[PDB]
Amino acid sequence: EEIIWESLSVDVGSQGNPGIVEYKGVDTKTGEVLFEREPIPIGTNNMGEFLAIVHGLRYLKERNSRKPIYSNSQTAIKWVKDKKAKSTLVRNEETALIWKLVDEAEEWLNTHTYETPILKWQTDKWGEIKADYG
DNA sequence: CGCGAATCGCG
DNA sequence: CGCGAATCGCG
Ligand SMILES: [Mg+2]
């Protein structure tokens, strides 16, 4: 399997797990930042990776793009394909925002179709995913 | 730490 | 038993 350069790559920047979560989607070839989510005060890295893929799906659908999405998160890929984010993070006032976003992302997946292939980025083969926060 | 996958205890 | 609940490997 080889890299598809004409694609979008996503990744999360965490400050702790759980902790502050941000993410972005970038052009795999050029590194152009296509979308970003500002820091969410608490969430898990998995939740952020799930949100990043769904945001990518929404972005690509709006643009009618057929580009695939790369994620380095096998867990988040599974959650998206299952249309169910199996997170164990407690639901309280503190975690209300991340859960609101996850619930809405699930709702989007359950009420839309999409053409975008969702592919696993192979870090051991290909090095850092282009959206890495470093 | 949080995950999915793989590996006890009570009814 | 056998079955859900509770407890390695990675990133
Ligand atoms: Mg990540």
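In what follows, chains are A, B, ... by sequence order, proteins preceding strands, each numbered from 1.
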If the condition is salt bridge (charged side-chain N to carboxylate O under 4.0 Å, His left out), which residues does A:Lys24 pass it with, not counting sequence neighbours? none

Can you name the residues that form a salt bridge (charged side-chain N to carboxylate O under 4.0 Å, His left out) with A:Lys83, not counting sequence neighbours? none

Strand DNA chain C in bracket notation, Watson-Crick/G-U under 3.5 Å with | for pairs to another chain: ||||.||||||

Sugar conformation, C:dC8 - torsion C1'-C2'-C3'-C4' sign: south

Specify the closest pair of heavy atoms between [X] and [Y], including all atoms of both residues, with the distance to one decimal.
| X | Y | value |
| --- | --- | --- |
| A:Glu2 | A:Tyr70 | O-OH, 3.8 Å |
| A:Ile69 | A:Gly56 | CD1-C, 3.6 Å |
| A:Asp11 | A:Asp132 | OD2-CA, 3.4 Å |

SB check A:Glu62 A:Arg58 (cutoff 4.0 Å): no

I'd like to know if A:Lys67 pairs up with A:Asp27 as an ion pair, taking the criterion as any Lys NZ or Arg NE/NH1/NH2 lying under 4.0 Å from an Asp or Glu carboxylate oxygen. yes

Expected output is a numbered-order residue list: members of residues 72-88 of chain A with a heavy atom under 4.0 Å from any atom of DNA chain B. What is it? A:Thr75, A:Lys78, A:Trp79, A:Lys86, A:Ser87, A:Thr88

Contacts satisfying side chain to side chain donor-acceptor pair (under 3.5 Å) that involve residues 39-56 of chain A (not counting sequence neighbours) are A:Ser14-A:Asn45, A:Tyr23-A:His55

Using a cut-off of 4.0 Å on non-hydrogen atoms, how would the nucleic acid contact of A:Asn45 be classed: base, sugar-phosphate, or nothing? nothing

First and last nucleotide of DNA chain B in contact with chain A, 5' to 3', at under 4.0 Å to a heavy atom: what are they? B:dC1 to B:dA5

Do A:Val80 and A:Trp99 share a hydrophobic cluster (ILVMFWY, side-chain heavy atoms under 4.5 Å, transitive)? yes

List the steps, then state whether side-chain contact (heavy atoms from CB on, under 4.5 Å) holds for A:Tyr59 with A:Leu34. CA-CA 9 Å; A:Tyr59 171 89; A:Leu34 307 173; 3.6 Å; yes

Between C:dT7 and C:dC3 - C1' atom distance, rounded Å: 16 Å

